[PDB]
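This is work-v9.txt. It holds compact mmCIF, C-alpha atoms and all ligand atoms.
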# COMPACT_ATOMS: atom_id res chain seq x y z
CA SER L 27 -159.15 -17.36 32.44
CA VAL L 28 -157.50 -13.99 33.10
CA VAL L 29 -159.96 -11.08 32.88
CA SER L 30 -159.16 -7.43 32.17
CA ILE L 31 -161.08 -5.00 34.37
CA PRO L 32 -162.06 -1.91 32.34
CA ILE L 33 -160.40 1.36 33.38
CA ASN L 34 -161.33 4.74 31.92
CA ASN L 35 -158.50 6.60 30.15
CA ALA L 36 -156.10 4.05 31.62
CA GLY L 37 -153.19 5.34 29.54
CA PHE L 38 -154.02 9.07 29.88
CA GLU L 39 -154.29 9.23 26.08
CA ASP L 40 -157.25 11.65 26.53
CA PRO L 41 -156.80 14.50 25.74
CA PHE L 42 -154.73 14.27 22.57
CA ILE L 43 -151.74 16.63 22.78
CA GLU L 44 -149.95 17.76 19.65
CA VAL L 45 -146.72 19.49 20.73
CA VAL L 46 -143.97 17.52 22.48
CA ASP L 47 -143.70 18.26 26.23
CA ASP L 48 -147.02 20.13 26.24
CA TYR L 49 -149.32 19.33 29.15
CA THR L 50 -152.69 20.14 30.71
CA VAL L 51 -153.19 21.35 34.28
CA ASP L 52 -156.66 19.84 34.84
CA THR L 53 -157.67 16.42 36.12
CA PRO L 54 -157.40 13.89 33.26
CA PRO L 55 -160.75 12.72 31.88
CA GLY L 56 -162.09 9.58 33.52
CA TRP L 57 -160.08 10.27 36.70
CA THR L 58 -160.64 12.36 39.82
CA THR L 59 -158.01 14.25 41.80
CA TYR L 60 -157.11 12.47 45.04
CA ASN L 61 -156.69 15.43 47.36
CA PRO L 62 -156.82 14.44 51.07
CA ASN L 63 -154.66 17.42 52.15
CA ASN L 64 -156.09 20.00 49.70
CA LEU L 65 -152.64 20.49 48.21
CA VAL L 66 -154.01 20.87 44.67
CA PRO L 67 -156.36 23.84 44.15
CA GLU L 68 -159.61 23.41 42.26
CA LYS L 69 -158.48 25.98 39.67
CA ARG L 70 -154.91 25.29 38.55
CA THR L 71 -152.24 27.16 36.63
CA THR L 72 -148.69 26.35 35.61
CA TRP L 73 -147.69 28.07 38.87
CA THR L 74 -149.78 25.99 41.31
CA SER L 75 -149.70 22.37 42.33
CA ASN L 76 -151.48 20.56 39.53
CA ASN L 77 -152.03 17.34 37.63
CA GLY L 78 -152.94 16.42 34.08
CA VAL L 79 -151.53 14.66 31.05
CA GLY L 80 -148.37 15.32 29.08
CA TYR L 81 -147.12 14.33 25.64
CA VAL L 82 -143.79 12.47 25.87
CA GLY L 83 -142.67 12.85 22.27
CA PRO L 84 -139.52 12.36 20.18
CA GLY L 85 -137.86 15.66 21.06
CA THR L 86 -138.64 15.47 24.76
CA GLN L 87 -136.30 17.48 26.93
CA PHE L 88 -137.27 15.76 30.18
CA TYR L 89 -137.08 12.00 29.60
CA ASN L 90 -134.67 9.36 28.39
CA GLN L 91 -137.45 7.25 26.94
CA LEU L 92 -140.88 7.70 25.44
CA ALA L 93 -144.21 7.12 27.15
CA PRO L 94 -144.58 3.54 28.47
CA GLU L 95 -147.76 3.37 26.37
CA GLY L 96 -149.18 5.53 23.61
CA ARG L 97 -148.22 9.19 23.48
CA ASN L 98 -149.15 10.53 26.91
CA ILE L 99 -148.42 10.10 30.59
CA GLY L 100 -150.34 11.36 33.59
CA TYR L 101 -148.40 13.58 35.97
CA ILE L 102 -148.85 15.05 39.44
CA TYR L 103 -146.77 18.02 40.60
CA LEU L 104 -146.90 19.41 44.14
CA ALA L 105 -145.42 22.83 44.90
CA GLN L 106 -145.59 22.48 48.69
CA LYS L 107 -142.52 21.51 50.70
CA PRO L 108 -141.88 17.81 51.46
CA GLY L 109 -143.93 16.39 54.33
CA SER L 110 -146.92 18.60 53.53
CA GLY L 111 -149.19 15.68 52.57
CA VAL L 112 -150.06 13.69 49.45
CA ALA L 113 -152.14 13.99 46.30
CA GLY L 114 -152.75 12.14 43.07
CA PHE L 115 -155.20 10.35 40.78
CA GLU L 116 -158.19 8.25 41.81
CA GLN L 117 -160.71 6.28 39.77
CA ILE L 118 -163.64 4.30 41.14
CA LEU L 119 -164.39 1.40 38.82
CA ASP L 120 -167.67 -0.21 37.83
CA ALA L 121 -166.34 -3.62 38.86
CA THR L 122 -166.81 -4.97 42.37
CA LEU L 123 -164.69 -7.16 44.63
CA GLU L 124 -165.40 -10.81 43.84
CA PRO L 125 -164.63 -13.79 46.11
CA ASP L 126 -161.73 -16.18 45.49
CA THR L 127 -160.16 -13.82 42.97
CA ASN L 128 -156.55 -12.76 42.41
CA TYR L 129 -156.22 -9.12 41.37
CA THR L 130 -153.09 -7.78 39.69
CA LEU L 131 -152.71 -4.01 39.35
CA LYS L 132 -149.85 -2.75 37.17
CA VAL L 133 -148.85 0.90 36.66
CA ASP L 134 -145.73 2.41 35.12
CA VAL L 135 -144.16 5.08 37.30
CA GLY L 136 -141.93 7.79 35.91
CA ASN L 137 -139.24 10.15 37.08
CA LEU L 138 -138.83 13.46 35.26
CA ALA L 139 -135.28 14.37 34.34
CA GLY L 140 -133.26 17.37 33.23
CA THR L 141 -133.48 21.11 33.63
CA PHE L 142 -135.18 24.17 32.17
CA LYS L 143 -133.79 27.67 32.61
CA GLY L 144 -133.14 27.34 36.33
CA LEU L 145 -135.82 24.76 36.99
CA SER L 146 -134.40 21.51 38.23
CA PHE L 147 -136.24 18.23 37.78
CA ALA L 148 -133.63 16.23 39.65
CA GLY L 149 -135.07 14.08 42.42
CA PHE L 150 -138.27 12.19 43.03
CA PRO L 151 -141.08 12.60 45.59
CA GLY L 152 -141.93 8.92 45.98
CA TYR L 153 -145.00 7.08 44.74
CA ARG L 154 -147.73 4.84 46.07
CA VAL L 155 -150.00 2.64 43.95
CA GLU L 156 -153.06 1.25 45.71
CA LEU L 157 -155.98 -1.05 44.91
CA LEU L 158 -159.25 -0.16 46.64
CA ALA L 159 -162.54 -1.75 47.58
CA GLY L 160 -164.98 0.88 48.74
CA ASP L 161 -162.96 3.19 51.00
CA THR L 162 -160.49 0.46 52.04
CA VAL L 163 -156.97 0.14 50.65
CA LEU L 164 -156.78 -3.60 49.95
CA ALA L 165 -153.15 -3.56 48.80
CA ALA L 166 -150.56 -0.92 47.96
CA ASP L 167 -146.99 -0.55 46.73
CA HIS L 168 -145.55 2.31 48.80
CA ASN L 169 -142.46 3.44 46.89
CA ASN L 170 -140.69 0.08 46.67
CA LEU L 171 -139.18 0.57 43.20
CA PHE L 172 -136.16 2.76 42.52
CA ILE L 173 -136.88 4.90 39.46
CA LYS L 174 -133.82 6.45 37.80
CA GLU L 175 -133.94 9.95 36.33
CA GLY L 176 -135.93 10.16 33.11
CA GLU L 177 -137.11 6.53 33.18
CA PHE L 178 -140.19 4.42 33.96
CA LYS L 179 -140.69 1.17 35.85
CA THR L 180 -143.77 -1.00 36.31
CA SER L 181 -145.25 -1.14 39.81
CA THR L 182 -147.26 -4.29 40.54
CA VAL L 183 -149.92 -4.46 43.26
CA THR L 184 -151.72 -7.73 44.04
CA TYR L 185 -154.66 -8.71 46.23
CA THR L 186 -156.34 -12.09 46.69
CA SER L 187 -159.86 -12.25 48.11
CA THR L 188 -161.30 -15.17 50.04
CA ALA L 189 -164.88 -16.44 49.99
CA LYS L 190 -165.70 -14.24 52.97
CA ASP L 191 -163.91 -10.96 52.34
CA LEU L 192 -165.58 -8.15 54.30
CA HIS L 193 -165.51 -5.84 51.26
CA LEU L 194 -167.05 -8.25 48.73
CA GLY L 195 -169.41 -6.54 46.31
CA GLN L 196 -167.94 -3.08 46.93
CA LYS L 197 -166.70 -1.12 43.95
CA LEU L 198 -163.03 -1.53 43.13
CA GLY L 199 -160.85 1.56 42.97
CA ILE L 200 -157.36 2.68 42.01
CA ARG L 201 -155.24 5.51 43.40
CA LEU L 202 -151.93 6.81 42.04
CA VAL L 203 -150.30 8.92 44.74
CA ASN L 204 -147.53 11.53 44.79
CA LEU L 205 -145.97 11.05 48.23
CA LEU L 206 -144.20 14.46 48.36
CA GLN L 207 -141.26 12.99 50.28
CA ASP L 208 -138.49 14.91 48.46
CA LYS L 209 -137.66 17.16 45.55
CA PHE L 210 -138.15 17.34 42.59
CA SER L 211 -141.80 16.84 43.63
CA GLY L 212 -143.38 15.76 40.34
CA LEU L 213 -143.88 12.27 38.96
CA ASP L 214 -145.65 10.46 36.14
CA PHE L 215 -147.92 7.43 35.78
CA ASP L 216 -148.97 5.50 32.70
CA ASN L 217 -150.48 2.27 31.39
CA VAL L 218 -152.77 1.34 34.26
CA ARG L 219 -153.72 -2.34 34.01
CA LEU L 220 -155.95 -4.35 36.33
CA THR L 221 -156.62 -8.04 35.77
CA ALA L 222 -158.79 -10.44 37.75
CA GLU L 223 -158.51 -14.17 37.93
CA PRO L 224 -160.12 -17.05 39.87
CA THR L 225 -157.92 -18.79 42.43
CA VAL K 28 -123.97 -6.48 51.56
CA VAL K 29 -124.14 -5.68 55.30
CA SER K 30 -126.76 -6.87 57.78
CA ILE K 31 -128.26 -4.09 59.91
CA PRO K 32 -128.62 -5.09 63.59
CA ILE K 33 -132.20 -5.39 64.84
CA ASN K 34 -133.00 -6.09 68.48
CA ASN K 35 -135.08 -9.24 69.08
CA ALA K 36 -135.51 -9.55 65.32
CA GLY K 37 -137.04 -13.03 65.66
CA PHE K 38 -139.10 -12.36 68.83
CA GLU K 39 -137.10 -15.11 70.55
CA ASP K 40 -136.97 -12.93 73.68
CA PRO K 41 -138.54 -14.04 76.05
CA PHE K 42 -138.05 -17.81 76.09
CA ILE K 43 -141.37 -19.66 76.36
CA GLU K 44 -141.53 -23.30 77.45
CA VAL K 45 -145.12 -24.41 76.73
CA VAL K 46 -146.28 -24.78 73.13
CA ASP K 47 -148.82 -22.14 72.12
CA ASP K 48 -148.17 -20.27 75.33
CA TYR K 49 -147.77 -16.51 74.89
CA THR K 50 -147.12 -13.10 76.37
CA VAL K 51 -149.45 -10.14 76.27
CA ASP K 52 -146.79 -7.45 76.69
CA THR K 53 -144.72 -5.61 74.11
CA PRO K 54 -141.81 -7.87 73.07
CA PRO K 55 -138.46 -6.75 74.46
CA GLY K 56 -136.59 -4.52 72.03
CA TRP K 57 -139.70 -3.29 70.30
CA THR K 58 -142.28 -0.66 71.01
CA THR K 59 -145.99 -0.82 70.39
CA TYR K 60 -147.08 1.22 67.36
CA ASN K 61 -150.43 2.54 68.54
CA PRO K 62 -151.54 5.49 66.35
CA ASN K 63 -155.25 4.89 67.12
CA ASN K 64 -154.91 3.93 70.83
CA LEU K 65 -156.35 0.49 70.09
CA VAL K 66 -153.97 -1.40 72.41
CA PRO K 67 -154.25 -0.58 76.14
CA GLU K 68 -151.18 -0.36 78.35
CA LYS K 69 -152.47 -3.19 80.57
CA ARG K 70 -153.48 -6.11 78.35
CA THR K 71 -155.26 -9.41 78.91
CA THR K 72 -156.14 -12.47 76.87
CA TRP K 73 -159.36 -10.88 75.70
CA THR K 74 -158.24 -7.31 74.92
CA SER K 75 -156.25 -6.00 72.01
CA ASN K 76 -152.66 -7.00 72.69
CA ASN K 77 -149.33 -7.99 71.22
CA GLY K 78 -146.44 -10.16 72.33
CA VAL K 79 -144.58 -13.34 71.51
CA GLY K 80 -145.79 -16.91 71.23
CA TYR K 81 -144.11 -20.31 71.15
CA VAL K 82 -144.98 -22.12 67.91
CA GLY K 83 -143.79 -25.57 68.90
CA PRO K 84 -144.38 -29.16 67.79
CA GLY K 85 -148.09 -29.83 67.57
CA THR K 86 -149.15 -26.19 67.38
CA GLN K 87 -152.91 -25.78 67.11
CA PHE K 88 -152.81 -22.83 64.74
CA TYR K 89 -150.25 -23.30 61.99
CA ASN K 90 -149.43 -25.95 59.47
CA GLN K 91 -145.74 -25.56 60.31
CA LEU K 92 -143.43 -24.22 63.06
CA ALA K 93 -142.09 -20.70 63.54
CA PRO K 94 -140.24 -19.43 60.43
CA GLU K 95 -137.17 -19.11 62.67
CA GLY K 96 -136.37 -20.28 66.19
CA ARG K 97 -139.19 -21.03 68.61
CA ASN K 98 -141.25 -17.84 68.72
CA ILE K 99 -143.25 -15.50 66.55
CA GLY K 100 -144.47 -12.00 67.30
CA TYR K 101 -148.22 -11.50 67.17
CA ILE K 102 -150.68 -8.61 67.22
CA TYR K 103 -154.37 -9.07 68.02
CA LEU K 104 -156.91 -6.25 67.76
CA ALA K 105 -160.30 -6.66 69.41
CA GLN K 106 -161.96 -3.62 67.86
CA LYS K 107 -164.12 -3.81 64.78
CA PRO K 108 -162.62 -3.61 61.29
CA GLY K 109 -161.88 -0.06 60.28
CA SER K 110 -161.10 1.12 63.77
CA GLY K 111 -157.46 1.83 63.01
CA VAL K 112 -154.16 -0.02 62.96
CA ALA K 113 -151.54 -1.12 65.48
CA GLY K 114 -148.37 -3.16 65.64
CA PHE K 115 -144.64 -3.24 66.36
CA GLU K 116 -142.10 -0.47 65.84
CA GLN K 117 -138.34 -0.34 66.38
CA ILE K 118 -136.00 2.58 65.76
CA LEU K 119 -132.60 1.30 64.70
CA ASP K 120 -129.09 2.54 65.47
CA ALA K 121 -128.28 2.78 61.75
CA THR K 122 -128.99 5.88 59.69
CA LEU K 123 -130.01 6.43 56.09
CA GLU K 124 -126.86 6.50 53.94
CA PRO K 125 -126.63 7.87 50.38
CA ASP K 126 -126.47 5.64 47.33
CA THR K 127 -127.50 2.57 49.31
CA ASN K 128 -129.94 -0.20 48.43
CA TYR K 129 -131.97 -1.36 51.46
CA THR K 130 -133.78 -4.71 51.65
CA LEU K 131 -136.23 -5.38 54.50
CA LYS K 132 -137.64 -8.91 54.80
CA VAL K 133 -140.27 -10.10 57.30
CA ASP K 134 -142.31 -13.30 57.45
CA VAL K 135 -146.04 -12.65 57.97
CA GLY K 136 -148.29 -15.31 59.48
CA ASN K 137 -151.99 -16.13 59.28
CA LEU K 138 -153.33 -18.06 62.28
CA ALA K 139 -155.55 -21.04 61.42
CA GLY K 140 -157.79 -23.59 63.05
CA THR K 141 -160.23 -23.45 65.93
CA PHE K 142 -159.80 -23.21 69.70
CA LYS K 143 -162.46 -23.45 72.48
CA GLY K 144 -165.22 -22.80 69.98
CA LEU K 145 -163.54 -19.70 68.47
CA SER K 146 -162.66 -19.71 64.75
CA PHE K 147 -159.43 -18.09 63.58
CA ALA K 148 -160.41 -18.12 59.90
CA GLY K 149 -159.57 -14.87 58.12
CA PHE K 150 -156.81 -12.32 58.21
CA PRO K 151 -156.74 -8.59 59.09
CA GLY K 152 -154.16 -7.52 56.53
CA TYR K 153 -150.58 -6.45 57.13
CA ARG K 154 -148.22 -3.61 56.33
CA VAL K 155 -144.43 -3.72 56.65
CA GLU K 156 -142.67 -0.34 56.67
CA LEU K 157 -139.07 0.83 56.40
CA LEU K 158 -138.62 4.26 57.97
CA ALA K 159 -136.14 7.11 58.17
CA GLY K 160 -136.94 9.52 60.96
CA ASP K 161 -140.72 9.89 60.92
CA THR K 162 -140.98 9.19 57.16
CA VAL K 163 -142.11 5.88 55.68
CA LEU K 164 -139.56 5.43 52.89
CA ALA K 165 -141.14 2.26 51.50
CA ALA K 166 -143.85 -0.17 52.55
CA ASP K 167 -145.53 -3.41 51.48
CA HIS K 168 -149.24 -2.84 52.14
CA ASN K 169 -150.79 -6.31 52.14
CA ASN K 170 -149.58 -7.47 48.72
CA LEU K 171 -148.99 -11.14 49.60
CA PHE K 172 -151.82 -13.64 49.98
CA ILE K 173 -151.13 -15.69 53.10
CA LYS K 174 -153.09 -18.96 53.34
CA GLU K 175 -154.49 -20.09 56.65
CA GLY K 176 -151.81 -21.42 59.02
CA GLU K 177 -148.82 -20.41 56.89
CA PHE K 178 -146.13 -17.78 56.50
CA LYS K 179 -144.86 -15.83 53.51
CA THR K 180 -141.91 -13.45 53.28
CA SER K 181 -142.70 -9.79 52.65
CA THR K 182 -139.90 -7.82 50.99
CA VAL K 183 -139.62 -4.03 51.18
CA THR K 184 -136.90 -2.17 49.28
CA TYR K 185 -135.66 1.42 49.22
CA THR K 186 -132.82 3.01 47.25
CA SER K 187 -131.30 6.29 48.40
CA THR K 188 -129.75 8.88 46.11
CA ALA K 189 -126.84 11.16 46.97
CA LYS K 190 -129.18 14.00 48.06
CA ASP K 191 -131.97 12.16 49.90
CA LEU K 192 -133.76 14.59 52.22
CA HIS K 193 -133.70 12.08 55.10
CA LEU K 194 -129.99 11.18 54.97
CA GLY K 195 -128.53 10.82 58.43
CA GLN K 196 -131.82 10.12 60.17
CA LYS K 197 -132.40 6.93 62.11
CA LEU K 198 -133.73 3.97 60.21
CA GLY K 199 -136.90 2.35 61.49
CA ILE K 200 -139.18 -0.65 61.02
CA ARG K 201 -142.94 -1.03 61.52
CA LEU K 202 -145.00 -4.23 61.43
CA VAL K 203 -148.66 -3.28 61.28
CA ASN K 204 -151.93 -5.13 61.82
CA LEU K 205 -154.29 -3.40 59.40
CA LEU K 206 -157.56 -4.50 61.10
CA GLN K 207 -159.26 -4.75 57.71
CA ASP K 208 -161.14 -7.99 58.48
CA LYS K 209 -161.63 -10.77 61.03
CA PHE K 210 -160.06 -12.88 62.39
CA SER K 211 -158.00 -9.80 63.28
CA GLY K 212 -154.86 -11.40 64.60
CA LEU K 213 -151.58 -11.92 62.73
CA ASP K 214 -147.93 -12.92 63.09
CA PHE K 215 -144.49 -11.71 62.12
CA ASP K 216 -141.09 -13.36 62.38
CA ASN K 217 -137.52 -13.30 61.16
CA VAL K 218 -137.04 -9.57 60.61
CA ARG K 219 -134.13 -8.89 58.22
CA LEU K 220 -132.68 -5.57 57.07
CA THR K 221 -129.63 -5.36 54.78
CA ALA K 222 -127.85 -2.43 53.13
CA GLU K 223 -125.69 -2.43 49.99
CA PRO K 224 -123.86 0.29 48.03
CA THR K 225 -125.60 1.21 44.81
CA CA L 301 -150.05 6.52 27.82
CA CA L 302 -136.50 13.85 38.72
CA CA L 303 -138.71 -16.43 65.72
CA CA L 304 -156.80 -16.94 59.85
How does this structure look as structure tokens?
Amino acid sequence: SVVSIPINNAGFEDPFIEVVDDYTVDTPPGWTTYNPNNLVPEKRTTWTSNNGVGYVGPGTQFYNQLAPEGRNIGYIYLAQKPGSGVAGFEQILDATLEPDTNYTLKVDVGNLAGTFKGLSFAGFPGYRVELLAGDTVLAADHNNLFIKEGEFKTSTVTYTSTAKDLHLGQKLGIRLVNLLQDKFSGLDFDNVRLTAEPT
Amino acid sequence: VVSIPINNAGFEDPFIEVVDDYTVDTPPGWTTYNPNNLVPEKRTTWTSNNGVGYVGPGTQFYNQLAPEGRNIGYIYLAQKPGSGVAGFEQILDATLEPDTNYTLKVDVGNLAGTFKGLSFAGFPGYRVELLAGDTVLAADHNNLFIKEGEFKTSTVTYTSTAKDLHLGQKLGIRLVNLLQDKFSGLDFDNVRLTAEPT
């Protein structure tokens, strides 16, 4: 009796992108920009901090594998120096926290690799994946997985509610956070999965 | 694999004779993480506090004894949920080294039962953090479900590269009471940190 909780654009497959390594600089559809330190401007260019989706295709010059799911990944790039704050993706779901339920949140996290005419993609800013109820972070994986250059790994976040959880009935949420702890200060996410199951 | 020294890693200092007896002062070797000023400098039984407690035969709050030795470390927060967080912090004598795999393990405890009419049902949530300097390198934010009166081992891992920004800075550990629900008290024991070349 495992249940899949619906997530909008959970694989960042919207919008469709034709050319390999092409990307948008606007918040992916179905998601909002998590911006507690105002690191990402409201109007983005290739020159600013930004987020969006990117096509990881056959001739990719930045990865050693294809997208964990479908064609696209979601990315967050921060131009500010490390320690400046955090930013990422957030989505508030239509599902609410239910009692005596085990939640399993899985997201693939990616590390860009390579170079481009002076631009170095070596390094990784750190990630955090968090499961929300209302404004409360119920559980989070703060950068526990080592992600080699040009590869992806699946982060798993779990939370188990009791019969009397304070946040019962509040809307579930998901955040995918660029921690900006080092350079290169971009990272990818893909294949967001949330499942619920009675204890 | 090398074990990184941690002072009072099992909260066995100080020795406590009477079962379920406890201290209300910061355990020796540790400091009180207090980013929201929830824990006063002079504590009592009724205020927010932290310390060590003897989990001995016939304990009124756990199914089993301390995960290691006699004592656990505990943090209790009297303020309402959402008021902030508090816990234990210790800066280590070891520094972040390149190409090293770090494994931090801590047992987290959920007090159970009833005492003098008060119910200890519920759990405030925990976070275990591995630090370098002032930076949280990796953390387990409340991922394990901990049944009433039991302990489970939280594992936090971090892998350094050759050019980690924080290389050379002092490693650190935080054990945090998240104050996300009531009962808003929790335990920690058997702190382990190991390093290994990649
Ligand atoms: Ca995808
Ligand atoms: Ca990289
Ligand atoms: Ca102990
Ligand atoms: Ca309890």
Enumerate as a short mmCIF file (atom, residue, chain, number, x, y, z; two decimals) with C-alpha atoms, in the frame of the given file the residues within 12 Å of ligand CA 302 (chain L), counting only C-alpha atoms and all ligand atoms.
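Result file follows (selection.cif):
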data_model
loop_
_atom_site.label_atom_id
_atom_site.label_comp_id
_atom_site.auth_asym_id
_atom_site.auth_seq_id
_atom_site.Cartn_x
_atom_site.Cartn_y
_atom_site.Cartn_z
CA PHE L 88 -137.27 15.76 30.18
CA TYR L 89 -137.08 12.00 29.60
CA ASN L 90 -134.67 9.36 28.39
CA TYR L 103 -146.77 18.02 40.60
CA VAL L 135 -144.16 5.08 37.30
CA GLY L 136 -141.93 7.79 35.91
CA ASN L 137 -139.24 10.15 37.08
CA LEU L 138 -138.83 13.46 35.26
CA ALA L 139 -135.28 14.37 34.34
CA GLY L 140 -133.26 17.37 33.23
CA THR L 141 -133.48 21.11 33.63
CA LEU L 145 -135.82 24.76 36.99
CA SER L 146 -134.40 21.51 38.23
CA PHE L 147 -136.24 18.23 37.78
CA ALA L 148 -133.63 16.23 39.65
CA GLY L 149 -135.07 14.08 42.42
CA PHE L 150 -138.27 12.19 43.03
CA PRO L 151 -141.08 12.60 45.59
CA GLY L 152 -141.93 8.92 45.98
CA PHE L 172 -136.16 2.76 42.52
CA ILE L 173 -136.88 4.90 39.46
CA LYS L 174 -133.82 6.45 37.80
CA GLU L 175 -133.94 9.95 36.33
CA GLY L 176 -135.93 10.16 33.11
CA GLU L 177 -137.11 6.53 33.18
CA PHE L 178 -140.19 4.42 33.96
CA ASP L 208 -138.49 14.91 48.46
CA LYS L 209 -137.66 17.16 45.55
CA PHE L 210 -138.15 17.34 42.59
CA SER L 211 -141.80 16.84 43.63
CA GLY L 212 -143.38 15.76 40.34
CA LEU L 213 -143.88 12.27 38.96
CA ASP L 214 -145.65 10.46 36.14
CA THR K 188 -129.75 8.88 46.11
CA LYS K 190 -129.18 14.00 48.06
#
Expected answer as a ChimeraX atom specification: chain K residues within 7 Å of chain L, all atoms listed in the file: /K:164-170,172,183-186,192,208
Region 123-128 of chain K, all listed atoms, 4 Å padding on each side: what axis-aligned box centre and edge lengths in Å to one decimal come out, as AutoDock Vina command-line options?
--center_x -128.2 --center_y 3.8 --center_z 51.7 --size_x 11.5 --size_y 16.1 --size_z 16.8
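Closest approach to residue 122 (chain K) from the set K:196, K:222, K:32, K:37 is made by K:196, with distances taken over all atoms listed in the file.
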For ligand CA 301 (chain L), return the neighbouring residues as a PDB file with C-alpha atoms, in the coordinates of the input (distance at most 8 Å; all atoms listed in the file).
ATOM      1  CA  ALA L  36    -156.100   4.050  31.620  1.00  0.00           C
ATOM      2  CA  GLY L  37    -153.190   5.340  29.540  1.00  0.00           C
ATOM      3  CA  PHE L  38    -154.020   9.070  29.880  1.00  0.00           C
ATOM      4  CA  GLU L  39    -154.290   9.230  26.080  1.00  0.00           C
ATOM      5  CA  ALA L  93    -144.210   7.120  27.150  1.00  0.00           C
ATOM      6  CA  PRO L  94    -144.580   3.540  28.470  1.00  0.00           C
ATOM      7  CA  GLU L  95    -147.760   3.370  26.370  1.00  0.00           C
ATOM      8  CA  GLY L  96    -149.180   5.530  23.610  1.00  0.00           C
ATOM      9  CA  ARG L  97    -148.220   9.190  23.480  1.00  0.00           C
ATOM     10  CA  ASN L  98    -149.150  10.530  26.910  1.00  0.00           C
ATOM     11  CA  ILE L  99    -148.420  10.100  30.590  1.00  0.00           C
ATOM     12  CA  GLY L 100    -150.340  11.360  33.590  1.00  0.00           C
ATOM     13  CA  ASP L 216    -148.970   5.500  32.700  1.00  0.00           C
ATOM     14  CA  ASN L 217    -150.480   2.270  31.390  1.00  0.00           C
TER      15      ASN L 217
END
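Shortest separation to ligand CA 303 (chain L) among K:212, K:83, K:67, K:109 occurs at residue K:83, atoms counted being only C-alpha atoms and all ligand atoms.
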Hey, what's within 6 Å of region 74-81 of chain L if we count all atoms listed in the file and toss same-chain stuff fewer than 6 positions away? As a compact mmCIF listing (two decimals) with C-alpha atoms, in the frame of the given file, please?
# COMPACT_ATOMS: atom_id res chain seq x y z
CA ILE L 43 -151.74 16.63 22.78
CA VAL L 46 -143.97 17.52 22.48
CA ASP L 47 -143.70 18.26 26.23
CA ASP L 48 -147.02 20.13 26.24
CA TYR L 49 -149.32 19.33 29.15
CA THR L 50 -152.69 20.14 30.71
CA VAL L 51 -153.19 21.35 34.28
CA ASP L 52 -156.66 19.84 34.84
CA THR L 53 -157.67 16.42 36.12
CA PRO L 54 -157.40 13.89 33.26
CA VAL L 66 -154.01 20.87 44.67
CA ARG L 97 -148.22 9.19 23.48
CA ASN L 98 -149.15 10.53 26.91
CA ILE L 99 -148.42 10.10 30.59
CA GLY L 100 -150.34 11.36 33.59
CA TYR L 101 -148.40 13.58 35.97
CA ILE L 102 -148.85 15.05 39.44
CA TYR L 103 -146.77 18.02 40.60
CA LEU L 104 -146.90 19.41 44.14
CA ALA L 105 -145.42 22.83 44.90
Set out as CSV a contact list for chain K and ligand CA 304 (chain L) with a cut-off of 9 Å, giving each residue of chain K that qualifies its closest atom pair and distance in Å to one decimal, counting all atoms listed in the file, ordered by chain and rising residue number.
residue,atom,partner,partner_atom,distance
K:88,CA,L:CA304,CA,8.6
K:136,CA,L:CA304,CA,8.7
K:137,CA,L:CA304,CA,4.9
K:138,CA,L:CA304,CA,4.4
K:139,CA,L:CA304,CA,4.6
K:140,CA,L:CA304,CA,7.4
K:146,CA,L:CA304,CA,8.1
K:147,CA,L:CA304,CA,4.7
K:148,CA,L:CA304,CA,3.8
K:149,CA,L:CA304,CA,3.9
K:150,CA,L:CA304,CA,4.9
K:151,CA,L:CA304,CA,8.4
K:173,CA,L:CA304,CA,8.9
K:174,CA,L:CA304,CA,7.8
K:175,CA,L:CA304,CA,5.0
K:176,CA,L:CA304,CA,6.8
K:209,CA,L:CA304,CA,7.9
K:210,CA,L:CA304,CA,5.8
K:211,CA,L:CA304,CA,8.0
K:212,CA,L:CA304,CA,7.6
K:213,CA,L:CA304,CA,7.8
Tell me which residues come within 7 Å of (-136.2, -13.7, 65.9), as an MDAnalysis selection string, counting only C-alpha atoms in the file's coordinates. chainID K and resid 35:39 95:96 216:218
Taking 6 positions as the minimum chain separation for residues in the same chain, which residues sit within 10 Å of residue 33 (chain K) when counting only C-alpha atoms? Answer as number ranges by chain. K: 56-57, 117-121, 199-200, 218-220
Go ahead and dump the residues you just picked, C-alpha atoms, as a PDB file, in the frame of the given file.
ATOM      1  CA  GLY K  56    -136.590  -4.520  72.030  1.00  0.00           C
ATOM      2  CA  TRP K  57    -139.700  -3.290  70.300  1.00  0.00           C
ATOM      3  CA  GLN K 117    -138.340  -0.340  66.380  1.00  0.00           C
ATOM      4  CA  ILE K 118    -136.000   2.580  65.760  1.00  0.00           C
ATOM      5  CA  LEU K 119    -132.600   1.300  64.700  1.00  0.00           C
ATOM      6  CA  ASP K 120    -129.090   2.540  65.470  1.00  0.00           C
ATOM      7  CA  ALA K 121    -128.280   2.780  61.750  1.00  0.00           C
ATOM      8  CA  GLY K 199    -136.900   2.350  61.490  1.00  0.00           C
ATOM      9  CA  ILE K 200    -139.180  -0.650  61.020  1.00  0.00           C
ATOM     10  CA  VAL K 218    -137.040  -9.570  60.610  1.00  0.00           C
ATOM     11  CA  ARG K 219    -134.130  -8.890  58.220  1.00  0.00           C
ATOM     12  CA  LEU K 220    -132.680  -5.570  57.070  1.00  0.00           C
TER      13      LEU K 220
END
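Proximity to ligand CA 303 (chain L) was assessed for K:29, K:51, K:112, K:92 counting only C-alpha atoms and all ligand atoms; the smallest distance is recorded for K:92.
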For residue 154 (chain K), the nearest of the candidates K:132, K:70, K:193, K:107, counting only C-alpha atoms: K:132
Would you mind reading off the distance between CA of residue 206 (chain L) and CA of residue 133 (chain L), one decimal, in Å? 18.5 Å
